[PDB]
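The chain below stands alone, shown as structure tokens; this is the form deposited in one PDB entry.
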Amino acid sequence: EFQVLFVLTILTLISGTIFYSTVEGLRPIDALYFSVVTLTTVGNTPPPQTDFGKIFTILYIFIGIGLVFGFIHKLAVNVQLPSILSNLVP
């Protein structure tokens, strides 16, 4: 489960990194950053400048938001929770 969500999230972010670096001309790190804050809805960056970028972003959000949050709802629920919970046992 967690491993699958791990991989699925990775592929989605790889696609975004490749897309934004190419179409929006961003350095890879900036393309990855944009992909991450966009799918997590933080969105603390300017929007894409090209229409291709805007269209892809619309589809990217609808298809990737569900997956990203599913992974987050496990990275802290089935991994970080025990670490803290089980440790709260004297």
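Counting begins at 1, following the sequence as shown. Between two forms, the rigid core is the largest collection of C-alphas that superpose within 1.5 Å. Residues that one form lacks are left out of the comparison.
Below, we refer to the form deposited in another entry, which is not included among the displayed structures.
- With the core superposed, residue 11 shows a C-alpha displacement below 2 Å between this form and the one not shown.
- Once the cores line up, the CA of residue 20 ends up less than 2 angstroms apart between this form and the one not shown.
- Moving regions between this form and the one not shown, defined as 3+ consecutive residues each with a CA shift of at least 2 Å after core superposition, lie at 1 to 6, 64 to 66, 68 to 81.
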